[PDB]
Amino acid sequence: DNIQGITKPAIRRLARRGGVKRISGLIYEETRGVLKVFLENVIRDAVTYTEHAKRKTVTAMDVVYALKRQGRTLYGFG
Amino acid sequence: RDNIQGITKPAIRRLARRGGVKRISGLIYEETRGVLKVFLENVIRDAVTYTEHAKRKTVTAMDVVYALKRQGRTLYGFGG
Amino acid sequence: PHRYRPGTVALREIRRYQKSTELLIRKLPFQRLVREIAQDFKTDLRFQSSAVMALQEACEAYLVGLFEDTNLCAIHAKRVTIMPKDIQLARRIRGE
Amino acid sequence: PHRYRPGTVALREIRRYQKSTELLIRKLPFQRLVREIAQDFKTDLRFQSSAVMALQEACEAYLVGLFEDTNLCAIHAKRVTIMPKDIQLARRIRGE
Amino acid sequence: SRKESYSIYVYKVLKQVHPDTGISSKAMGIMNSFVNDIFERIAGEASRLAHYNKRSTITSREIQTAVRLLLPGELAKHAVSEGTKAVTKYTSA
Amino acid sequence: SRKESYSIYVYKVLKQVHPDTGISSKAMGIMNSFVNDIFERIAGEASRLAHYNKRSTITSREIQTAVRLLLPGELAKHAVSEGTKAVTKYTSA
Amino acid sequence: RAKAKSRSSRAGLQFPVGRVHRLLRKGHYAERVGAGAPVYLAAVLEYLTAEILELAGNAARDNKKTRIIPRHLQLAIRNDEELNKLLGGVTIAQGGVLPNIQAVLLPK
DNA sequence: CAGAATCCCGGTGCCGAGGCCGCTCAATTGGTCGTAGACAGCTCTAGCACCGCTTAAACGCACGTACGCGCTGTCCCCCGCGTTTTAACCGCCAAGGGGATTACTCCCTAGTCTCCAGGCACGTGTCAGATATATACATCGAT
DNA sequence: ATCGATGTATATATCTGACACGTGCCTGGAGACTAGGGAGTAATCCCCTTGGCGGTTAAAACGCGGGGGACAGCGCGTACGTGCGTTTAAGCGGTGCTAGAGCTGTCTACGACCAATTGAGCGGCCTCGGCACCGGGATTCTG
């Protein structure tokens with residue numbers, strides 16, 4: 001159970017970058033669930049591309065393609 | 001021209017009724033007309049662009065299907 | 001005389017139009033509007049009888065979807081009547 | 001004594017973190033979380049050092065965008081405190 | 001000119017699922033559009049998957065992967081079994 | 001072995017717009033991926049237009065129509081102007 | 001065998017017309033590719049690159065810097081109404097957000 | 001709880017789906033051989049693990065003031081119903097611009113073969129940058 | 001009626017190591033010649049496109065009696081913020097191992113391209129039965 005590794009201070013800092021002035025005490029568990037759901041959909045795709053190539057090492061390109069298919073093209077990692 | 005007035009108030013009411021809206025404030029109509037005009041303009045510009053590439057003078061249903069297809073909405077039943 | 005209380009007819013209409021399927025905008029006014037807007041880009045264009053129907057169907061679907069979204073935004077503020085700020089918010093969040 | 005009024009440090013934090021560009025989540029706890037989720041699909045997986053960073057950047061950009069949207073739908077309700085229903089509403093209107 | 005369509009095949013399947021039921025022309029037009037839509041999505045993804053590996057030929061493995069990527073879990077779960085059975089029978093013939 | 005990127009051409013252009021400024025490797029990586037993105041969009045749209053008209057070749061007419069579709073109204077006017085200038089100079093060379 | 005000279009020089013362009021031509025033929029977009037497609041596409045790409053670099057270079061001087069970094073590119077893109085429309089969905093690493101606070105949040 | 005709005009059934013009645021023959025041109029069987037896809041054998045990089053000291057950051061606790069919320073007043077403006085006005089609406093009639101085709105025919109391209117110079121690595125050095133110091137003064141607060 | 005303490009900013013001092021010019025070299029790009037079929041062009045047929053007039057109520061319009069939904073206001077209680085204190089394991093520097101990704105070479109199974117045939121499918125016409133429009137009734141549900 002490593003979901004507890006996303007500590008409360010990090011959540012506050014992220015809300016601060018977004019301009020949030022005051023945060024209710026229940027936002028943390030919802031944010032944890034949202035992050036877990038977002039990660040699962042990307043990881044499943046990355047693993048799918050990795051397996052098709054018969055490689056055992058996950059590569060940056062696999063994540064780049066996985067994000068592009070959902071429309072979240074990421075610039076910077078080649 | 002005045003043709004924008006052709007989308008009468010009752011048509012807007014029936015459309016809002018289909019969406020389940022129970023009570024509608026009297027100012028929603030002008031906003032809806034403005035919102036509709038920009039969509040039509042956007043679709044027609046692409047349609048006319050496709051028509052012009054083909055050197056045709058009549059605009060066909062296929063050009064409208066492709067315009068909607070590019071904007072990200074697909075229409076079933078007219079062809080394609 | 002018999003008179004229905006406010007909203008009873010609205011619900012009856014909602015049920016009627018949700019169960020029905022015909023188009024709700026008048027064909028001729030829309031046809032004239034389509035020919036009017038096209039006039040700014042190119043003159044003497046011609047339109048097929050089905051293209052006007054395709055445009056009308058697309059517009060009715062788009063507007064119905066926007067009104068469905070706007071109703072959630074209206075209930076969220078504890079109101080029932082939808083208002084322009086609700087439309088503006090829906091469009092902003094959708095990224096229009 | 002001397003003491004700042006509630007919220008002024010928050011505003012100073014907003015001005016600070018909107019100016020900086022570093023990553024805000026701890027690298028090692030996030031790496032362990034990525035390691036834990038991938039294990040359900042395949043065993044003995046390896047991750048390049050840059051892959052976890054790419055995932056972290058994408059997750060932080062997603063949370064930032066979701067919080068930006070949640071703030072708008074929070075002010076709209078005449079509140080300032082964001083709450084779970086604001087996230088659920090934003091996600092519903094966004095269609096997710 | 002002659003126009004091709006999938007209408008006869010859709011009708012044969014309908015007759016197998018419900019012999020007594022019939023279909024209107026509008027439904028035939030919708031099905032005829034839906035088939036081409038899904039065809040283009042799958043062929044497109046199979047093409048992208050081919051270039052990333054420098055392969056010059058598309059094979060059943062590319063189709064299986066594209067299907068698993070595009071369709072949701074249970075639909076993919078059944079469709080992969082259908083395709084596997086079909087390919088097995090075809091190769092055995 | 002030998003890799004391929006546009007960092008050289010980005011540098012040549014940079015020395016023409018601002019001959020006194022330099023660019024970090026982090027900015028260069030973003031500029032290199034941005035070009036590959038726009039290249040793929042234009043070639044994709046041009047191929048679709050060519051297929052609908054049932055033509056075997058891609059010509060400047062296809063590029064122009066795609067450019068008018070993908071790029072906003074203001075960028076298109078300038079881009080098309082200099083594209084036609086370039087083609088005119090090449091054909092007249 | 002006359003002395004060869006590059007096509008990019010004849011058109012007056014910096015981008016490689018030969019490489020773009022090769023990439024079109026190897027992409028299978030169509031079975032035949034005309035002579036004018038690559039010159040036009042190269043000219044368009046050069047224009048868009050020059051506009052981005054010009055705006056980033058102007059943004060750099062406002063910070064007394066002499067070297068371009070990702071933060072300046074992000075500030076250049078999110079500040080232009082045309083570039084922002086073409087790049088509304090692209091995410092740039094290390095870019096951060098633009099400074100913005102709703103007036104309702106500022107002190108009374 | 002009287003009574004207006006609704007569903008439902010039996011009847012008359014009509015053109016859409018279902019069946020058919022003509023016949024062609026898309027698909028199949030059989031044939032060939034060029035290069036791509038398959039493997040093992042091997043190089044050497046970097047992902048994984050542990051050692052250790054230090055501490056930036058975290059967990060935790062106190063308390064106080066600021067926000068979210070419930071009830072309230074009361075009013076002004078969308079609703080539900082009535083009578084008058086209009087252009088949509090079906091339908092019948094003209095007639096011709098444009099769309100789809102055959103046929104000709106030419107010039108723009110893909111292919112082979114040559115060869116060189118553009119740009120892709122390994123080598124580096126110096127000066128653009130960040131870290132470490134003190135201090136000015138603005139704001140938010142207390143007096 | 002007003003004064004100043006913390007923090008951000010800024011300025012001067014210092015060394016680090018990324019950006020830029022160089023040489024060597026290798027294989028992508030441009031020069032020269034050719035064959036063919038995609039494309040450009042004119043002529044034709046004829047349909048479905050634009051335009052008009054008849055006439056009847058569907059649909060829209062303007063009024064209006066009025067009540068229910070909207071906001072602006074007061075009272076308040078406990079949820080969240082700022083700050084102090086303790087300690088945790090996040091951070092980093094270094095040595096080592098080898099899993100496993102990427103390149104060289106051989107090789108033969110698979111597919112695209114040709115010759116020839118013919119029935120699955122496309123087209124126009126016939127026809128008969130399921131839906132459609134009507135009318136009369138009991139029922140539901142509401143103010």
# chains A, B, ... in the order shown; residues from 1 in each chain; ligands from 1
>>> calpha_fit_rmsd(fixed="chain D", moving="chain C")
0.4 Å
>>> select_by_dssp(residues="chain A", states="helix (DSSP H, G or I)", output="ChimeraX atom specification")
/A:3-5,8-17,27-52,60-69
>>> calpha_fit_and_write(fixed="chain E", moving="chain F", output="CSV table (one decimal) with N, CA and C atoms, in the first residue's frame")
chain,number,residue,atom,x,y,z
F,1,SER,N,-20.2,3.4,-61.7
F,1,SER,CA,-21.5,2.9,-61.9
F,1,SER,C,-21.9,1.9,-60.8
F,2,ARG,N,-21.5,0.7,-60.8
F,2,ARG,CA,-21.8,-0.3,-59.8
F,2,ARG,C,-21.4,0.2,-58.4
F,3,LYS,N,-22.4,0.3,-57.5
F,3,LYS,CA,-22.1,0.8,-56.1
F,3,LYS,C,-21.6,-0.4,-55.3
F,4,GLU,N,-21.3,-0.1,-54.0
F,4,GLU,CA,-20.9,-1.1,-53.1
F,4,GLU,C,-21.3,-0.8,-51.7
F,5,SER,N,-22.0,-1.8,-51.1
F,5,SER,CA,-22.5,-1.6,-49.7
F,5,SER,C,-22.6,-3.0,-49.1
F,6,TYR,N,-22.6,-3.0,-47.7
F,6,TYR,CA,-22.7,-4.3,-47.0
F,6,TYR,C,-24.2,-4.7,-46.6
F,7,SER,N,-25.2,-4.0,-47.2
F,7,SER,CA,-26.6,-4.4,-46.7
F,7,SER,C,-26.9,-5.8,-46.9
F,8,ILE,N,-26.3,-6.5,-47.9
F,8,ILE,CA,-26.6,-8.0,-48.0
F,8,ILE,C,-26.1,-8.8,-46.8
F,9,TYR,N,-24.9,-8.6,-46.4
F,9,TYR,CA,-24.3,-9.3,-45.3
F,9,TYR,C,-25.0,-9.0,-44.0
F,10,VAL,N,-25.4,-7.7,-43.8
F,10,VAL,CA,-26.2,-7.4,-42.7
F,10,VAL,C,-27.5,-8.1,-42.7
F,11,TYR,N,-28.1,-8.3,-43.8
F,11,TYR,CA,-29.3,-9.1,-43.9
F,11,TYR,C,-29.1,-10.5,-43.6
F,12,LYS,N,-28.1,-11.1,-44.1
F,12,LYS,CA,-27.8,-12.5,-43.8
F,12,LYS,C,-27.6,-12.8,-42.3
F,13,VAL,N,-26.9,-11.9,-41.7
F,13,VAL,CA,-26.7,-12.0,-40.2
F,13,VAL,C,-28.0,-11.8,-39.5
F,14,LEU,N,-28.8,-10.8,-39.9
F,14,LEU,CA,-30.1,-10.5,-39.3
F,14,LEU,C,-31.0,-11.8,-39.3
F,15,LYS,N,-31.0,-12.5,-40.4
F,15,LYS,CA,-31.9,-13.7,-40.5
F,15,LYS,C,-31.3,-14.8,-39.7
F,16,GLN,N,-30.1,-14.7,-39.1
F,16,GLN,CA,-29.6,-15.7,-38.2
F,16,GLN,C,-29.9,-15.4,-36.8
F,17,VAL,N,-29.8,-14.1,-36.4
F,17,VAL,CA,-30.1,-13.7,-35.0
F,17,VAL,C,-31.6,-13.7,-34.8
F,18,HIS,N,-32.4,-13.1,-35.6
F,18,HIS,CA,-33.8,-13.1,-35.5
F,18,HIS,C,-34.5,-13.3,-36.9
F,19,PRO,N,-34.9,-14.6,-37.1
F,19,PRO,CA,-35.4,-15.0,-38.4
F,19,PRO,C,-36.8,-14.5,-38.7
F,20,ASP,N,-37.5,-13.7,-37.8
F,20,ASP,CA,-38.8,-13.3,-38.0
F,20,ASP,C,-39.0,-11.7,-38.1
F,21,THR,N,-37.9,-11.0,-38.0
F,21,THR,CA,-37.9,-9.5,-38.0
F,21,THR,C,-37.3,-9.0,-39.3
F,22,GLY,N,-37.7,-7.8,-39.7
F,22,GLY,CA,-37.2,-7.1,-40.9
F,22,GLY,C,-36.6,-5.8,-40.4
F,23,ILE,N,-35.9,-5.1,-41.4
F,23,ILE,CA,-35.2,-3.9,-41.1
F,23,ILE,C,-35.4,-2.8,-42.2
F,24,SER,N,-35.8,-1.6,-41.8
F,24,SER,CA,-36.1,-0.5,-42.7
F,24,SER,C,-34.8,0.1,-43.3
F,25,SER,N,-35.0,0.7,-44.5
F,25,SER,CA,-33.8,1.3,-45.2
F,25,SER,C,-33.1,2.4,-44.3
F,26,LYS,N,-33.8,3.1,-43.5
F,26,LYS,CA,-33.2,4.1,-42.6
F,26,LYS,C,-32.2,3.4,-41.6
F,27,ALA,N,-32.6,2.3,-41.0
F,27,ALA,CA,-31.7,1.6,-40.2
F,27,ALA,C,-30.5,1.0,-40.9
F,28,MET,N,-30.8,0.5,-42.1
F,28,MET,CA,-29.8,-0.1,-43.0
F,28,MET,C,-28.7,0.9,-43.3
F,29,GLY,N,-29.0,2.2,-43.6
F,29,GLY,CA,-28.0,3.2,-43.9
F,29,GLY,C,-27.1,3.4,-42.7
F,30,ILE,N,-27.6,3.4,-41.5
F,30,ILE,CA,-26.7,3.6,-40.3
F,30,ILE,C,-25.8,2.4,-40.2
F,31,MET,N,-26.4,1.2,-40.3
F,31,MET,CA,-25.5,0.0,-40.2
F,31,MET,C,-24.5,0.0,-41.2
F,32,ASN,N,-24.7,0.5,-42.4
F,32,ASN,CA,-23.7,0.4,-43.5
F,32,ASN,C,-22.6,1.4,-43.1
F,33,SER,N,-22.9,2.6,-42.6
F,33,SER,CA,-21.8,3.5,-42.3
F,33,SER,C,-21.0,3.1,-41.1
F,34,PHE,N,-21.6,2.5,-40.1
F,34,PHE,CA,-21.0,2.0,-38.9
F,34,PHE,C,-19.8,1.1,-39.2
F,35,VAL,N,-20.0,0.1,-40.1
F,35,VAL,CA,-18.9,-0.8,-40.5
F,35,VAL,C,-17.8,-0.1,-41.1
F,36,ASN,N,-18.0,0.9,-41.9
F,36,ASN,CA,-16.9,1.6,-42.5
F,36,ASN,C,-16.1,2.4,-41.5
F,37,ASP,N,-16.8,2.9,-40.4
F,37,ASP,CA,-16.1,3.6,-39.4
F,37,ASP,C,-15.1,2.6,-38.6
F,38,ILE,N,-15.6,1.5,-38.1
F,38,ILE,CA,-14.7,0.6,-37.4
F,38,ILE,C,-13.6,0.1,-38.2
F,39,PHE,N,-13.9,-0.2,-39.5
F,39,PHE,CA,-12.9,-0.7,-40.4
F,39,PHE,C,-11.7,0.3,-40.5
F,40,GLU,N,-12.1,1.6,-40.7
F,40,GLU,CA,-11.0,2.6,-40.8
F,40,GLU,C,-10.2,2.7,-39.5
F,41,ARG,N,-10.8,2.7,-38.3
F,41,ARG,CA,-10.1,2.8,-37.1
F,41,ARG,C,-9.1,1.6,-36.9
F,42,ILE,N,-9.5,0.4,-37.1
F,42,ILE,CA,-8.6,-0.7,-37.0
F,42,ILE,C,-7.5,-0.7,-38.0
F,43,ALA,N,-7.8,-0.5,-39.2
F,43,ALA,CA,-6.6,-0.4,-40.2
F,43,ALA,C,-5.7,0.7,-39.8
F,44,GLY,N,-6.2,1.8,-39.4
F,44,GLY,CA,-5.3,2.9,-39.0
F,44,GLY,C,-4.3,2.6,-37.9
F,45,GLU,N,-4.8,2.1,-36.8
F,45,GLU,CA,-4.0,1.7,-35.7
F,45,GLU,C,-3.0,0.6,-36.0
F,46,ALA,N,-3.4,-0.4,-36.8
F,46,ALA,CA,-2.5,-1.4,-37.2
F,46,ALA,C,-1.4,-0.9,-38.0
F,47,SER,N,-1.6,0.1,-38.9
F,47,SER,CA,-0.5,0.6,-39.7
F,47,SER,C,0.4,1.4,-38.8
F,48,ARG,N,0.0,2.1,-37.8
F,48,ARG,CA,0.9,2.8,-37.0
F,48,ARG,C,1.8,1.9,-36.2
F,49,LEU,N,1.2,0.8,-35.6
F,49,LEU,CA,2.0,-0.2,-34.9
F,49,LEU,C,3.1,-0.8,-35.8
F,50,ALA,N,2.7,-1.1,-37.0
F,50,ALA,CA,3.6,-1.8,-37.9
F,50,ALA,C,4.8,-0.8,-38.2
F,51,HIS,N,4.5,0.5,-38.5
F,51,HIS,CA,5.6,1.4,-38.8
F,51,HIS,C,6.5,1.6,-37.6
F,52,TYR,N,6.0,1.8,-36.4
F,52,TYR,CA,7.0,2.0,-35.3
F,52,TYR,C,8.0,0.8,-35.1
F,53,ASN,N,7.6,-0.4,-35.3
F,53,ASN,CA,8.5,-1.5,-35.2
F,53,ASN,C,9.4,-1.7,-36.4
F,54,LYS,N,9.2,-0.8,-37.4
F,54,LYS,CA,10.0,-0.9,-38.7
F,54,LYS,C,9.8,-2.2,-39.4
F,55,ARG,N,8.5,-2.6,-39.6
F,55,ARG,CA,8.2,-3.8,-40.3
F,55,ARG,C,7.4,-3.4,-41.6
F,56,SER,N,7.5,-4.3,-42.6
F,56,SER,CA,6.9,-4.1,-43.9
F,56,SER,C,5.5,-4.7,-44.0
F,57,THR,N,5.1,-5.6,-43.1
F,57,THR,CA,3.9,-6.3,-43.3
F,57,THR,C,3.0,-6.2,-42.0
F,58,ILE,N,1.7,-6.4,-42.2
F,58,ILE,CA,0.7,-6.4,-41.2
F,58,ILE,C,0.2,-7.8,-41.0
F,59,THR,N,0.3,-8.3,-39.7
F,59,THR,CA,-0.1,-9.7,-39.4
F,59,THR,C,-1.1,-9.7,-38.3
F,60,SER,N,-1.6,-10.9,-37.9
F,60,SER,CA,-2.6,-11.0,-36.9
F,60,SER,C,-2.1,-10.5,-35.6
F,61,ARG,N,-0.8,-10.4,-35.3
F,61,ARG,CA,-0.3,-9.8,-34.1
F,61,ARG,C,-0.7,-8.3,-34.0
F,62,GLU,N,-0.6,-7.6,-35.2
F,62,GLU,CA,-0.9,-6.2,-35.2
F,62,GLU,C,-2.4,-6.0,-35.0
F,63,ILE,N,-3.2,-6.9,-35.7
F,63,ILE,CA,-4.7,-6.8,-35.5
F,63,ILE,C,-5.1,-7.0,-34.0
F,64,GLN,N,-4.5,-8.0,-33.4
F,64,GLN,CA,-4.8,-8.3,-32.0
F,64,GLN,C,-4.4,-7.2,-31.1
F,65,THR,N,-3.3,-6.6,-31.3
F,65,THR,CA,-2.9,-5.5,-30.4
F,65,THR,C,-3.8,-4.3,-30.6
F,66,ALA,N,-4.1,-4.0,-31.9
F,66,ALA,CA,-5.1,-2.9,-32.2
F,66,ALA,C,-6.4,-3.1,-31.6
F,67,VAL,N,-6.9,-4.4,-31.7
F,67,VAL,CA,-8.2,-4.7,-31.1
F,67,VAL,C,-8.2,-4.5,-29.6
F,68,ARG,N,-7.1,-5.0,-29.0
F,68,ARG,CA,-7.0,-4.8,-27.5
F,68,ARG,C,-7.0,-3.3,-27.1
F,69,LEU,N,-6.4,-2.5,-28.0
F,69,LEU,CA,-6.4,-1.0,-27.7
F,69,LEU,C,-7.7,-0.3,-27.9
F,70,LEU,N,-8.4,-0.6,-29.1
F,70,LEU,CA,-9.6,0.2,-29.4
F,70,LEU,C,-10.8,-0.3,-28.7
F,71,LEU,N,-11.0,-1.6,-28.7
F,71,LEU,CA,-12.3,-2.1,-28.1
F,71,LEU,C,-12.2,-2.2,-26.6
F,72,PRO,N,-13.2,-1.9,-25.8
F,72,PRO,CA,-13.2,-2.1,-24.4
F,72,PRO,C,-12.9,-3.5,-23.9
F,73,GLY,N,-12.6,-3.6,-22.6
F,73,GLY,CA,-12.1,-4.8,-22.0
F,73,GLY,C,-13.0,-6.0,-22.3
F,74,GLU,N,-14.3,-5.9,-22.2
F,74,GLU,CA,-15.1,-7.1,-22.4
F,74,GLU,C,-15.3,-7.5,-23.8
F,75,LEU,N,-15.5,-6.6,-24.8
F,75,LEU,CA,-15.6,-6.9,-26.2
F,75,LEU,C,-14.4,-7.6,-26.7
F,76,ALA,N,-13.2,-7.2,-26.2
F,76,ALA,CA,-11.9,-7.7,-26.7
F,76,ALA,C,-11.8,-9.2,-26.4
F,77,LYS,N,-12.1,-9.6,-25.2
F,77,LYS,CA,-12.0,-11.0,-24.9
F,77,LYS,C,-12.7,-12.0,-25.8
F,78,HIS,N,-14.0,-11.6,-26.0
F,78,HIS,CA,-14.8,-12.4,-26.9
F,78,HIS,C,-14.4,-12.4,-28.3
F,79,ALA,N,-14.1,-11.1,-28.8
F,79,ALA,CA,-13.7,-11.0,-30.2
F,79,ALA,C,-12.5,-11.7,-30.5
F,80,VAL,N,-11.5,-11.6,-29.6
F,80,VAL,CA,-10.2,-12.3,-29.8
F,80,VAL,C,-10.4,-13.8,-29.8
F,81,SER,N,-11.2,-14.2,-28.9
F,81,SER,CA,-11.5,-15.7,-28.9
F,81,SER,C,-12.0,-16.2,-30.2
F,82,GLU,N,-13.0,-15.5,-30.8
F,82,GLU,CA,-13.5,-16.1,-32.0
F,82,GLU,C,-12.6,-15.8,-33.2
F,83,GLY,N,-11.8,-14.7,-33.1
F,83,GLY,CA,-10.8,-14.5,-34.2
F,83,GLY,C,-9.8,-15.6,-34.2
F,84,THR,N,-9.3,-16.0,-33.1
F,84,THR,CA,-8.3,-17.1,-33.1
F,84,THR,C,-9.0,-18.4,-33.5
F,85,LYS,N,-10.3,-18.6,-33.1
F,85,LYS,CA,-11.0,-19.8,-33.6
F,85,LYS,C,-11.0,-19.9,-35.1
F,86,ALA,N,-11.4,-18.7,-35.7
F,86,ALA,CA,-11.5,-18.6,-37.2
F,86,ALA,C,-10.2,-18.9,-37.8
F,87,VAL,N,-9.1,-18.3,-37.3
F,87,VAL,CA,-7.8,-18.5,-37.9
F,87,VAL,C,-7.4,-20.0,-37.7
F,88,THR,N,-7.7,-20.6,-36.6
F,88,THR,CA,-7.3,-22.0,-36.4
F,88,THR,C,-8.0,-22.9,-37.4
F,89,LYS,N,-9.3,-22.6,-37.6
F,89,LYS,CA,-10.1,-23.5,-38.5
F,89,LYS,C,-9.6,-23.3,-39.9
F,90,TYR,N,-9.3,-22.0,-40.3
F,90,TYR,CA,-8.8,-21.8,-41.7
F,90,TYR,C,-7.5,-22.5,-41.9
F,91,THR,N,-6.5,-22.3,-40.9
F,91,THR,CA,-5.2,-22.9,-41.1
F,91,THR,C,-5.3,-24.5,-41.1
F,92,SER,N,-6.3,-25.0,-40.4
F,92,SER,CA,-6.4,-26.5,-40.3
F,92,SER,C,-7.3,-27.0,-41.4
F,93,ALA,N,-8.0,-26.2,-42.1
F,93,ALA,CA,-8.9,-26.7,-43.2
F,93,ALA,C,-8.0,-27.3,-44.3
>>> select_by_dssp(residues="chain A", states="strand (DSSP E or B)", output="ChimeraX atom specification")
/A:22-23,57-58,74-75
>>> residues_around(residues="residue 18 (chain G)", least_positions_apart="3", cutoff="10 Å", atoms="only C-alpha atoms (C1' of nucleotides)", output="ChimeraX atom specification")
/G:6-8,15,21-23,38-39,42 /I:28-30
>>> write_last_selection(atoms="N, CA, C and O atoms (P, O5', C5', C4', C3', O3' and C1' of nucleotides)", output="compact mmCIF listing (two decimals), in the first residue's frame")
# COMPACT_ATOMS: atom_id res chain seq x y z
N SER G 6 22.42 22.79 -53.99
CA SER G 6 21.25 22.31 -53.27
C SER G 6 19.96 23.01 -53.67
O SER G 6 19.95 24.20 -53.99
N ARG G 7 18.87 22.25 -53.63
CA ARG G 7 17.55 22.79 -53.92
C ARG G 7 17.15 23.85 -52.90
O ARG G 7 16.47 24.83 -53.24
N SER G 8 17.56 23.67 -51.65
CA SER G 8 17.25 24.66 -50.63
C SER G 8 17.85 26.00 -50.99
O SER G 8 17.27 27.04 -50.68
N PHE G 15 15.50 24.88 -44.56
CA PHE G 15 15.16 23.51 -44.27
C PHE G 15 15.58 22.62 -45.44
O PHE G 15 15.74 23.08 -46.57
N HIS G 21 11.28 15.52 -48.90
CA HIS G 21 10.81 14.69 -50.00
C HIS G 21 10.95 13.21 -49.69
O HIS G 21 10.03 12.43 -49.95
N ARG G 22 12.08 12.81 -49.11
CA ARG G 22 12.23 11.40 -48.75
C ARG G 22 11.18 10.99 -47.73
O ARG G 22 10.55 9.93 -47.87
N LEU G 23 10.97 11.80 -46.70
CA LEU G 23 9.99 11.45 -45.68
C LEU G 23 8.58 11.32 -46.25
O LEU G 23 7.81 10.48 -45.77
N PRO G 38 6.97 19.42 -51.53
CA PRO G 38 8.00 19.65 -50.51
C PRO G 38 8.49 21.08 -50.41
O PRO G 38 8.77 21.53 -49.30
N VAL G 39 8.56 21.83 -51.51
CA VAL G 39 9.04 23.20 -51.40
C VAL G 39 8.06 24.05 -50.61
O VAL G 39 8.44 24.83 -49.72
N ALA G 42 8.19 22.95 -46.86
CA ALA G 42 9.40 23.43 -46.21
C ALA G 42 9.30 24.91 -45.91
O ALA G 42 9.68 25.36 -44.82
P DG I 28 21.94 6.29 -46.34
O5' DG I 28 21.18 7.68 -46.59
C5' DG I 28 21.27 8.73 -45.64
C4' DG I 28 21.37 10.09 -46.30
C3' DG I 28 20.20 10.53 -47.19
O3' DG I 28 19.97 11.93 -46.98
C1' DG I 28 22.19 10.43 -48.49
P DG I 29 18.57 12.62 -47.35
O5' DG I 29 18.84 13.32 -48.77
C5' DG I 29 19.61 14.52 -48.81
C4' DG I 29 20.31 14.70 -50.14
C3' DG I 29 19.43 15.05 -51.34
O3' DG I 29 19.51 16.46 -51.57
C1' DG I 29 21.22 13.53 -51.87
P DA I 30 18.64 17.15 -52.72
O5' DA I 30 19.55 17.10 -54.04
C5' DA I 30 20.70 17.94 -54.15
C4' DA I 30 21.49 17.58 -55.40
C3' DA I 30 20.75 17.80 -56.71
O3' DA I 30 21.63 18.40 -57.69
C1' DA I 30 21.45 15.58 -56.56
>>> closest_residue(among="B:16, B:64, B:76, B:2", to="residue 40 (chain B)", atoms="only C-alpha atoms")
B:64
>>> interface_residues(of="chain B", to="chain H", cutoff="9 Å", atoms="only C-alpha atoms (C1' of nucleotides)", output="list in words")
residues 23, 24, 25, 26, 57 and 58 of chain B
>>> write_last_selection(atoms="C-alpha atoms", output="mmCIF file, in the first residue's frame")
data_model
loop_
_atom_site.group_PDB
_atom_site.id
_atom_site.type_symbol
_atom_site.label_atom_id
_atom_site.label_comp_id
_atom_site.auth_asym_id
_atom_site.auth_seq_id
_atom_site.Cartn_x
_atom_site.Cartn_y
_atom_site.Cartn_z
ATOM 1 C CA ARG B 23 -37.875 26.949 -16.060
ATOM 2 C CA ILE B 24 -36.040 29.283 -18.472
ATOM 3 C CA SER B 25 -35.050 32.915 -17.895
ATOM 4 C CA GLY B 26 -36.023 35.407 -20.623
ATOM 5 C CA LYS B 57 -20.565 24.908 -57.645
ATOM 6 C CA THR B 58 -23.148 22.854 -55.733
#
>>> residues_around(residues="residue 8 (chain H)", least_positions_apart="4", cutoff="10 Å", atoms="only C-alpha atoms (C1' of nucleotides)", output="mmCIF file with N, CA, C and O atoms (P, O5', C5', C4', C3', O3' and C1' of nucleotides), in the first residue's frame")
data_model
loop_
_atom_site.group_PDB
_atom_site.id
_atom_site.type_symbol
_atom_site.label_atom_id
_atom_site.label_comp_id
_atom_site.auth_asym_id
_atom_site.auth_seq_id
_atom_site.Cartn_x
_atom_site.Cartn_y
_atom_site.Cartn_z
ATOM 1 P P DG I 137 -69.059 5.583 -28.474
ATOM 2 O "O5'" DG I 137 -68.017 5.119 -27.350
ATOM 3 C "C5'" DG I 137 -67.833 3.722 -27.111
ATOM 4 C "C4'" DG I 137 -66.610 3.455 -26.254
ATOM 5 C "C3'" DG I 137 -66.632 4.064 -24.856
ATOM 6 O "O3'" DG I 137 -67.130 3.122 -23.910
ATOM 7 C "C1'" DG I 137 -64.454 4.167 -25.907
ATOM 8 P P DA I 138 -67.305 3.519 -22.360
ATOM 9 O "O5'" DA I 138 -65.899 3.138 -21.697
ATOM 10 C "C5'" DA I 138 -65.427 1.800 -21.775
ATOM 11 C "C4'" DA I 138 -64.083 1.643 -21.084
ATOM 12 C "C3'" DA I 138 -64.102 1.875 -19.574
ATOM 13 O "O3'" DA I 138 -63.304 0.905 -18.899
ATOM 14 C "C1'" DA I 138 -62.660 3.478 -20.618
ATOM 15 P P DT I 139 -63.053 1.039 -17.319
ATOM 16 O "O5'" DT I 139 -61.737 1.935 -17.242
ATOM 17 C "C5'" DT I 139 -60.528 1.455 -17.804
ATOM 18 C "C4'" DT I 139 -59.474 2.539 -17.802
ATOM 19 C "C3'" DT I 139 -59.096 3.041 -16.411
ATOM 20 O "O3'" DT I 139 -57.830 2.525 -16.023
ATOM 21 C "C1'" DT I 139 -59.270 4.805 -18.060
#
